[PDB]
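Everything below belongs to my_file.csv, which stores CSV, C-alpha atoms and all ligand atoms.
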chain,number,residue,atom,x,y,z
A,1,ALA,CA,-57.9,26.3,50.4
A,2,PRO,CA,-59.3,28.8,52.9
A,3,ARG,CA,-57.6,29.1,56.3
A,4,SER,CA,-60.9,27.9,57.9
A,5,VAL,CA,-64.2,26.4,56.9
A,6,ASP,CA,-67.5,25.7,58.8
A,7,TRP,CA,-70.5,24.4,56.9
A,8,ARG,CA,-72.7,24.4,60.0
A,9,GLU,CA,-73.5,28.1,59.6
A,10,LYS,CA,-74.2,27.8,55.8
A,11,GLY,CA,-77.3,25.5,56.1
A,12,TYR,CA,-75.6,22.2,55.3
A,13,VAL,CA,-75.8,20.4,58.6
A,14,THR,CA,-78.8,19.0,60.7
A,15,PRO,CA,-78.8,19.2,64.5
A,16,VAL,CA,-76.7,16.6,66.3
A,17,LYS,CA,-78.4,13.1,66.5
A,18,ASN,CA,-77.9,10.2,68.9
A,19,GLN,CA,-77.3,6.7,67.7
A,20,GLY,CA,-77.9,5.3,71.2
A,21,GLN,CA,-77.2,1.6,71.9
A,22,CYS,CA,-76.9,0.5,68.2
A,23,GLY,CA,-73.7,0.3,66.1
A,24,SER,CA,-75.1,2.7,63.5
A,25,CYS,CA,-72.3,5.4,63.4
A,26,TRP,CA,-71.8,4.7,59.6
A,27,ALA,CA,-75.5,5.4,59.0
A,28,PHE,CA,-75.3,8.8,60.8
A,29,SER,CA,-72.1,9.7,58.9
A,30,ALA,CA,-73.7,8.7,55.6
A,31,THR,CA,-77.0,10.6,56.2
A,32,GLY,CA,-74.9,13.7,57.3
A,33,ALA,CA,-72.9,13.7,54.1
A,34,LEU,CA,-76.1,13.1,52.0
A,35,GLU,CA,-77.9,15.9,53.9
A,36,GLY,CA,-75.1,18.2,53.0
A,37,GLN,CA,-75.0,17.3,49.3
A,38,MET,CA,-78.8,17.4,48.9
A,39,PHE,CA,-78.8,20.9,50.4
A,40,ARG,CA,-76.0,21.9,48.0
A,41,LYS,CA,-78.3,20.7,45.2
A,42,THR,CA,-81.7,21.9,46.3
A,43,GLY,CA,-81.2,24.6,48.9
A,44,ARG,CA,-83.3,22.4,51.3
A,45,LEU,CA,-82.0,20.7,54.4
A,46,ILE,CA,-84.0,17.7,55.3
A,47,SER,CA,-83.1,15.2,58.0
A,48,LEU,CA,-82.7,11.7,56.5
A,49,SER,CA,-83.6,8.2,57.9
A,50,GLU,CA,-80.7,6.3,59.5
A,51,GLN,CA,-83.2,3.5,60.2
A,52,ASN,CA,-83.9,3.1,56.5
A,53,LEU,CA,-80.1,2.4,56.1
A,54,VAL,CA,-79.8,0.1,59.1
A,55,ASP,CA,-82.8,-2.0,58.0
A,56,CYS,CA,-82.3,-2.1,54.3
A,57,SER,CA,-78.6,-1.9,53.2
A,58,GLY,CA,-77.6,-5.4,54.2
A,59,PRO,CA,-77.2,-6.5,50.5
A,60,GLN,CA,-74.7,-3.7,49.9
A,61,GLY,CA,-72.5,-5.1,52.8
A,62,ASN,CA,-73.8,-3.4,55.9
A,63,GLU,CA,-74.4,-5.3,59.2
A,64,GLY,CA,-77.2,-3.2,60.7
A,65,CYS,CA,-76.6,-2.5,64.4
A,66,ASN,CA,-73.3,-4.4,64.3
A,67,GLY,CA,-71.7,-1.8,61.9
A,68,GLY,CA,-71.3,-0.8,58.3
A,69,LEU,CA,-69.6,1.5,55.8
A,70,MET,CA,-70.6,4.9,54.6
A,71,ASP,CA,-69.8,3.9,51.0
A,72,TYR,CA,-72.1,0.9,51.3
A,73,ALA,CA,-74.9,3.3,52.5
A,74,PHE,CA,-74.3,5.6,49.5
A,75,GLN,CA,-74.5,2.5,47.2
A,76,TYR,CA,-77.7,1.4,48.8
A,77,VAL,CA,-79.3,4.8,48.1
A,78,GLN,CA,-78.1,4.6,44.5
A,79,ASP,CA,-79.4,1.0,44.0
A,80,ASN,CA,-82.6,1.8,45.8
A,81,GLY,CA,-83.3,5.0,43.9
A,82,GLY,CA,-84.1,6.9,47.1
A,83,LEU,CA,-84.0,7.3,50.9
A,84,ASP,CA,-86.8,8.1,53.2
A,85,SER,CA,-86.9,11.2,55.5
A,86,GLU,CA,-86.2,10.9,59.2
A,87,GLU,CA,-89.8,12.1,59.8
A,88,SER,CA,-91.3,9.2,57.7
A,89,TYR,CA,-89.0,6.5,59.0
A,90,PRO,CA,-87.9,7.3,62.5
A,91,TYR,CA,-84.9,6.0,64.3
A,92,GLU,CA,-85.3,3.0,66.6
A,93,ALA,CA,-81.7,2.1,67.5
A,94,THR,CA,-82.5,-1.6,66.6
A,95,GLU,CA,-82.5,-3.5,63.4
A,96,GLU,CA,-85.8,-4.5,62.0
A,97,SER,CA,-87.5,-5.4,58.6
A,98,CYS,CA,-87.0,-3.1,55.6
A,99,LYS,CA,-89.9,-0.7,55.5
A,100,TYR,CA,-88.7,1.6,52.7
A,101,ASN,CA,-91.6,3.4,50.9
A,102,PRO,CA,-90.6,5.4,47.8
A,103,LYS,CA,-93.5,7.8,48.3
A,104,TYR,CA,-91.6,9.3,51.2
A,105,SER,CA,-88.1,9.4,49.5
A,106,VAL,CA,-86.5,12.9,49.9
A,107,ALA,CA,-83.0,12.1,48.7
A,108,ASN,CA,-81.1,10.3,46.0
A,109,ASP,CA,-77.5,9.7,45.0
A,110,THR,CA,-75.7,8.7,41.8
A,111,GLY,CA,-72.6,7.2,43.4
A,112,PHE,CA,-69.8,8.4,45.7
A,113,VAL,CA,-66.2,9.7,45.6
A,114,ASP,CA,-63.4,8.3,47.7
A,115,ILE,CA,-60.9,11.1,48.6
A,116,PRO,CA,-57.2,10.4,48.3
A,117,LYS,CA,-55.8,9.4,51.8
A,118,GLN,CA,-54.0,12.7,52.5
A,119,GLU,CA,-55.1,15.5,54.9
A,120,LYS,CA,-54.3,18.1,52.2
A,121,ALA,CA,-56.8,16.2,49.9
A,122,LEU,CA,-59.4,16.0,52.7
A,123,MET,CA,-59.0,19.8,53.3
A,124,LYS,CA,-59.5,20.6,49.6
A,125,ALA,CA,-62.6,18.4,49.6
A,126,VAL,CA,-64.1,19.9,52.7
A,127,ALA,CA,-63.4,23.4,51.3
A,128,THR,CA,-65.1,22.7,47.9
A,129,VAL,CA,-67.7,20.0,48.4
A,130,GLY,CA,-69.3,20.4,51.9
A,131,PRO,CA,-69.4,17.9,54.8
A,132,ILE,CA,-67.4,14.7,54.3
A,133,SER,CA,-67.9,11.3,55.7
A,134,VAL,CA,-64.8,10.0,57.5
A,135,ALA,CA,-63.7,7.2,59.8
A,136,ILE,CA,-61.6,7.6,62.9
A,137,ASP,CA,-60.0,5.6,65.6
A,138,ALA,CA,-62.4,6.5,68.4
A,139,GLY,CA,-61.5,3.4,70.4
A,140,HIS,CA,-59.8,5.1,73.4
A,141,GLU,CA,-61.3,6.3,76.7
A,142,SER,CA,-60.0,9.8,75.9
A,143,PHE,CA,-62.5,9.9,73.1
A,144,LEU,CA,-65.4,8.4,75.0
A,145,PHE,CA,-64.9,11.1,77.8
A,146,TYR,CA,-64.0,14.0,75.5
A,147,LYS,CA,-65.5,17.3,76.6
A,148,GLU,CA,-63.6,20.1,74.9
A,149,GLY,CA,-60.4,21.3,73.2
A,150,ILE,CA,-58.3,19.9,70.4
A,151,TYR,CA,-58.4,16.2,70.7
A,152,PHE,CA,-55.1,14.5,70.4
A,153,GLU,CA,-54.5,10.9,71.6
A,154,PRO,CA,-50.9,9.7,71.5
A,155,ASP,CA,-52.0,6.0,71.1
A,156,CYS,CA,-54.3,6.7,68.1
A,157,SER,CA,-53.9,4.6,64.9
A,158,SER,CA,-53.9,6.2,61.4
A,159,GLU,CA,-54.8,2.8,59.8
A,160,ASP,CA,-57.2,1.1,62.2
A,161,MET,CA,-60.4,3.2,62.4
A,162,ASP,CA,-63.6,2.0,64.1
A,163,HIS,CA,-66.1,5.0,64.0
A,164,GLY,CA,-67.8,6.8,61.2
A,165,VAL,CA,-68.3,10.6,61.7
A,166,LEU,CA,-68.7,13.7,59.6
A,167,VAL,CA,-66.2,16.5,59.0
A,168,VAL,CA,-68.0,19.8,58.7
A,169,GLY,CA,-65.0,22.1,58.6
A,170,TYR,CA,-61.6,22.9,60.0
A,171,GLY,CA,-59.7,25.8,61.5
A,172,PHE,CA,-56.9,26.8,63.9
A,173,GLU,CA,-56.6,28.1,67.4
A,174,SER,CA,-54.9,31.6,67.1
A,175,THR,CA,-54.2,31.8,70.9
A,179,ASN,CA,-50.3,22.0,67.4
A,180,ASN,CA,-53.2,24.4,66.9
A,181,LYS,CA,-55.1,23.2,63.8
A,182,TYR,CA,-58.2,21.1,64.0
A,183,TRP,CA,-61.0,19.4,62.0
A,184,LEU,CA,-64.6,20.2,63.1
A,185,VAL,CA,-66.2,16.8,63.5
A,186,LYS,CA,-69.9,16.0,64.0
A,187,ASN,CA,-70.4,12.9,66.2
A,188,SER,CA,-73.7,10.9,66.6
A,189,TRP,CA,-73.5,10.5,70.4
A,190,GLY,CA,-76.0,13.2,71.2
A,191,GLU,CA,-75.5,16.9,72.3
A,192,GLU,CA,-74.2,16.1,75.8
A,193,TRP,CA,-71.0,14.5,74.5
A,194,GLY,CA,-68.1,16.8,73.6
A,195,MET,CA,-68.8,20.4,72.5
A,196,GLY,CA,-72.6,20.2,71.7
A,197,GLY,CA,-71.9,16.8,70.1
A,198,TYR,CA,-68.9,18.0,68.1
A,199,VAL,CA,-65.2,17.3,68.5
A,200,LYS,CA,-62.2,19.3,67.4
A,201,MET,CA,-59.8,16.7,66.0
A,202,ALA,CA,-56.1,17.4,65.6
A,203,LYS,CA,-55.3,18.5,62.0
A,204,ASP,CA,-52.0,18.2,60.2
A,205,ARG,CA,-50.5,16.0,62.9
A,206,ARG,CA,-49.7,13.1,60.7
A,207,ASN,CA,-53.3,12.0,59.9
A,208,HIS,CA,-54.2,11.8,63.5
A,209,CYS,CA,-56.6,8.9,64.3
A,210,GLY,CA,-56.8,8.1,60.5
A,211,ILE,CA,-59.3,11.0,59.7
A,212,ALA,CA,-58.0,11.2,56.1
A,213,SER,CA,-57.9,7.3,55.6
A,214,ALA,CA,-61.5,6.6,54.7
A,215,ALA,CA,-63.0,9.9,53.6
A,216,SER,CA,-65.9,10.0,51.0
A,217,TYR,CA,-69.0,11.8,49.9
A,218,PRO,CA,-72.1,11.0,47.8
A,219,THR,CA,-72.6,12.4,44.3
A,220,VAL,CA,-76.2,13.7,43.7
B,1,LIG,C1,-70.3,2.5,64.6
B,1,LIG,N1,-71.2,2.8,65.5
B,1,LIG,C2,-69.4,1.3,64.6
B,1,LIG,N2,-68.4,1.4,63.6
B,1,LIG,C3,-68.6,0.9,62.3
B,1,LIG,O1,-69.7,0.4,61.9
B,1,LIG,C4,-67.3,0.9,61.4
B,1,LIG,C5,-67.1,2.3,60.9
B,1,LIG,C6,-66.0,2.4,59.9
B,1,LIG,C7,-64.7,1.9,60.2
B,1,LIG,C8,-63.7,2.0,59.2
B,1,LIG,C9,-63.9,2.6,58.0
B,1,LIG,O2,-62.9,2.7,57.0
B,1,LIG,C10,-62.0,1.6,57.0
B,1,LIG,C11,-62.7,0.4,56.6
B,1,LIG,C12,-62.8,-0.6,57.5
B,1,LIG,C13,-63.5,-1.9,57.3
B,1,LIG,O3,-64.5,-1.9,58.4
B,1,LIG,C14,-65.7,-2.4,58.2
B,1,LIG,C15,-66.7,-2.0,59.0
B,1,LIG,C16,-68.0,-2.5,58.8
B,1,LIG,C17,-68.3,-3.3,57.7
B,1,LIG,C18,-67.3,-3.7,56.9
B,1,LIG,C19,-66.0,-3.3,57.1
B,1,LIG,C20,-66.5,-1.1,60.2
B,1,LIG,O4,-65.6,-1.2,61.0
B,1,LIG,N3,-67.4,-0.1,60.3
B,1,LIG,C21,-65.2,3.1,57.7
B,1,LIG,CL1,-65.4,3.9,56.2
B,1,LIG,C22,-66.2,3.0,58.7
B,1,LIG,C23,-70.1,0.0,64.9
B,1,LIG,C24,-69.2,0.6,65.9

Output the structure of this file as structure tokens.
Amino acid sequence: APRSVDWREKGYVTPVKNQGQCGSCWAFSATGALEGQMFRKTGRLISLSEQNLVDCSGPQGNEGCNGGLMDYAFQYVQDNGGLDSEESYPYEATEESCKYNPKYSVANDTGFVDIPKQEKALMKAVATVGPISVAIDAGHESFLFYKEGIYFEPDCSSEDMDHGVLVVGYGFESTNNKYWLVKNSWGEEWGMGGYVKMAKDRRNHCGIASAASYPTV
């Protein structure tokens, strides 16, 4: 694998979004990973509807604003045959009736791949696939109030994750210096323009390699 990767500058990643007061992290992670794989396929980056996922993917096992899984979102898109654009089906930060309209679908998937639960496997996937959906243990105040630097929380769990996010790259600080570049869905004011540098190769810190996956398209 390369020493560093960043998909943000290669056209794979939409601007940072804000989930607001709704437990829809999993929807933002899933749309991020699908945005990247659709771009890989078509060369067009189109922002996708989290609301469509919150409203419609109940049958696949999601719980709307209470929470969900990225793989259940990718399954919904597969079962549904499509997913509406963000423009056509805007984000409301609350769960309402399914209003999917296939006329406005701009994305599809044919399944998903679960990555082996090792940071080396996650690194290879990020290097060769594009942005990867992952779950992390974000349930500490150090994460809530993160501003900058390489995040390392001594009380983090590698097995109990609570927050879906998107790995867009990795690198190292040339000046415990490796990191994953992680896109959050808490707006641009949080962290570094809405991104966090998560400790890399420090024993699967916060479980970043424990629930990694991407959609196939
Ligand atoms: C956000 N906002 C939010 N969170 C989730 O919705 C959360 C994200 C998550 C956690 C853990 C994993 O991988 C490990 C699997 C855990 C099982 O957790 C389940 C969740 C939701 C439905 C069913 C199971 C869950 O905790 N989801 C992933 Cl991949 C994603 C709401 C705070």

Query raised in the report: Out of A:95, A:63, A:79, A:153, which residue has the shortest atom-to-atom distance to ligand LIG 1 (chain B) when counting all atoms listed in the file?
Result: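 Of the candidates, the smallest distance to ligand LIG 1 (chain B) is held by A:63.
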
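If you measure from each of A:214, A:27, A:123, A:34 to ligand LIG 1 (chain B) using all atoms listed in the file, the closest one turns out to be A:214.
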
Determine, using only C-alpha atoms and all ligand atoms, which residues of chain A have any atom at most 6 Å from an atom of ligand LIG 1 (chain B), and tabulate each with its shortest atom pair and distance in Å to one decimal place, rows ordered by chain and then rising number, as JSON lines.
{"residue": "A:23", "atom": "CA", "partner": "B:LIG1", "partner_atom": "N1", "distance": 3.6}
{"residue": "A:24", "atom": "CA", "partner": "B:LIG1", "partner_atom": "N1", "distance": 4.4}
{"residue": "A:25", "atom": "CA", "partner": "B:LIG1", "partner_atom": "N1", "distance": 3.5}
{"residue": "A:26", "atom": "CA", "partner": "B:LIG1", "partner_atom": "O1", "distance": 5.3}
{"residue": "A:62", "atom": "CA", "partner": "B:LIG1", "partner_atom": "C17", "distance": 5.8}
{"residue": "A:66", "atom": "CA", "partner": "B:LIG1", "partner_atom": "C23", "distance": 5.5}
{"residue": "A:67", "atom": "CA", "partner": "B:LIG1", "partner_atom": "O1", "distance": 3.0}
{"residue": "A:68", "atom": "CA", "partner": "B:LIG1", "partner_atom": "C16", "distance": 3.7}
{"residue": "A:69", "atom": "CA", "partner": "B:LIG1", "partner_atom": "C22", "distance": 4.7}
{"residue": "A:70", "atom": "CA", "partner": "B:LIG1", "partner_atom": "CL1", "distance": 5.5}
{"residue": "A:135", "atom": "CA", "partner": "B:LIG1", "partner_atom": "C21", "distance": 4.8}
{"residue": "A:161", "atom": "CA", "partner": "B:LIG1", "partner_atom": "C8", "distance": 4.8}
{"residue": "A:162", "atom": "CA", "partner": "B:LIG1", "partner_atom": "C7", "distance": 4.1}
{"residue": "A:163", "atom": "CA", "partner": "B:LIG1", "partner_atom": "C5", "distance": 4.2}
{"residue": "A:164", "atom": "CA", "partner": "B:LIG1", "partner_atom": "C5", "distance": 4.6}
{"residue": "A:214", "atom": "CA", "partner": "B:LIG1", "partner_atom": "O2", "distance": 4.7}

Could the residues in this selection be written to a file with C-alpha atoms, as a short mmCIF file (atom, residue, chain, number, x, y, z; two decimals), in the frame of the given file?
data_model
loop_
_atom_site.label_atom_id
_atom_site.label_comp_id
_atom_site.auth_asym_id
_atom_site.auth_seq_id
_atom_site.Cartn_x
_atom_site.Cartn_y
_atom_site.Cartn_z
CA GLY A 23 -73.70 0.30 66.10
CA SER A 24 -75.10 2.70 63.50
CA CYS A 25 -72.30 5.40 63.40
CA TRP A 26 -71.80 4.70 59.60
CA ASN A 62 -73.80 -3.40 55.90
CA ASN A 66 -73.30 -4.40 64.30
CA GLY A 67 -71.70 -1.80 61.90
CA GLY A 68 -71.30 -0.80 58.30
CA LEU A 69 -69.60 1.50 55.80
CA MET A 70 -70.60 4.90 54.60
CA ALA A 135 -63.70 7.20 59.80
CA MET A 161 -60.40 3.20 62.40
CA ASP A 162 -63.60 2.00 64.10
CA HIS A 163 -66.10 5.00 64.00
CA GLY A 164 -67.80 6.80 61.20
CA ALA A 214 -61.50 6.60 54.70
#

Query raised in the report: Distance CA of residue 54 in chain A-CA of residue 87 in chain A, one decimal place?
Result: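 Atom-to-atom, CA of residue 54 in chain A and CA of residue 87 in chain A are spaced 15.6 Å apart.
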
Show which residues sit within 10 Å of range 119-121 of chain A, as a PDB file with C-alpha atoms, in the coordinates of the input. Count all atoms listed in the file, and ignore same-chain residues fewer than 6 positions away.
ATOM      1  CA  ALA A   1     -57.900  26.300  50.400  1.00  0.00           C
ATOM      2  CA  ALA A 127     -63.400  23.400  51.300  1.00  0.00           C
ATOM      3  CA  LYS A 203     -55.300  18.500  62.000  1.00  0.00           C
ATOM      4  CA  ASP A 204     -52.000  18.200  60.200  1.00  0.00           C
ATOM      5  CA  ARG A 205     -50.500  16.000  62.900  1.00  0.00           C
ATOM      6  CA  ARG A 206     -49.700  13.100  60.700  1.00  0.00           C
ATOM      7  CA  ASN A 207     -53.300  12.000  59.900  1.00  0.00           C
ATOM      8  CA  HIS A 208     -54.200  11.800  63.500  1.00  0.00           C
ATOM      9  CA  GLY A 210     -56.800   8.100  60.500  1.00  0.00           C
ATOM     10  CA  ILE A 211     -59.300  11.000  59.700  1.00  0.00           C
ATOM     11  CA  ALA A 212     -58.000  11.200  56.100  1.00  0.00           C
ATOM     12  CA  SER A 213     -57.900   7.300  55.600  1.00  0.00           C
ATOM     13  CA  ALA A 215     -63.000   9.900  53.600  1.00  0.00           C
TER      14      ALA A 215
END

Requested in this report: Find the residues around residue 44 in chain A up to 9 Å (all atoms listed in the file counted), leave out those fewer than 5 positions away in its own chain, and share them as a PyMOL selection string.
Outcome: chain A and resi 11-12+35+38-39

Query raised in the report: Between A:14, A:52, A:4, A:37, which has the minimum distance to residue 130 in chain A (counting only C-alpha atoms)?
Result: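 For residue 130 in chain A, the nearest of the candidates is A:37.
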
**Report entry** Distance of CA of residue 111 in chain A from CA of residue 78 in chain A, expressed in Å to one decimal place
**Finding:**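 Going from CA of residue 78 in chain A over to CA of residue 111 in chain A, I get 6.2 Å.
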
Requested in this report: List the neighbours of residue 13 in chain A out to 8 Å using all atoms listed in the file; skip same-chain residues closer than 3 positions along the sequence, and give me the result as a list in words.
Outcome: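 Non-adjacent residues within range: residues 7, 8, 32, 35, 36, 45, 131 and 168 of chain A.
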
For the residues in that selection, give me C-alpha atoms as a PDB file, in the frame of the given file.
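The result, written out as part-v3.pdb:
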ATOM      1  CA  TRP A   7     -70.500  24.400  56.900  1.00  0.00           C
ATOM      2  CA  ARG A   8     -72.700  24.400  60.000  1.00  0.00           C
ATOM      3  CA  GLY A  32     -74.900  13.700  57.300  1.00  0.00           C
ATOM      4  CA  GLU A  35     -77.900  15.900  53.900  1.00  0.00           C
ATOM      5  CA  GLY A  36     -75.100  18.200  53.000  1.00  0.00           C
ATOM      6  CA  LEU A  45     -82.000  20.700  54.400  1.00  0.00           C
ATOM      7  CA  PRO A 131     -69.400  17.900  54.800  1.00  0.00           C
ATOM      8  CA  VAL A 168     -68.000  19.800  58.700  1.00  0.00           C
TER       9      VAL A 168
END

Query raised in the report: Given the choices A:142, A:218, A:50, A:134, which gets closest to residue 183 in chain A if the distance is worked out from all atoms listed in the file?
Result: A:134

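If all atoms listed in the file are the atoms counted, then among A:90, A:116, A:149, A:15 the closest residue to residue 49 in chain A is A:90.
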
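Taking CA of residue 72 in chain A and CA of residue 109 in chain A as endpoints, the distance between them is 12.1 Å.
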
Query raised in the report: For residue 186 in chain A, which residue out of A:148, A:42, A:3, A:132 is the nearest one, using only C-alpha atoms?
Result: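 Residue with the minimum atom-to-atom distance to residue 186 in chain A: A:132.
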
**Report entry** Selection as a list in words: residues within 10 Å of (-81.8, -4.4, 51.0), counting only C-alpha atoms
**Finding:**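 Those within range, by chain then number, are residues 52, 53, 54, 55, 56, 57, 58, 59, 60, 61, 62, 76, 77, 79, 80, 97, 98, 99 and 100 of chain A.
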
Report task. Fewer than 3 positions away in the same chain doesn't count, so skip those; otherwise give me all residues within 8 Å of residue 182 in chain A, counting all atoms listed in the file, as a VMD selection string. Result -> chain A and resid 150 170 to 173 200 to 204

Query - Nearby residues, (-63.5, 11.7, 48.5) file frame, 6 Å, all atoms listed in the file, as a count of residues only - result: 6
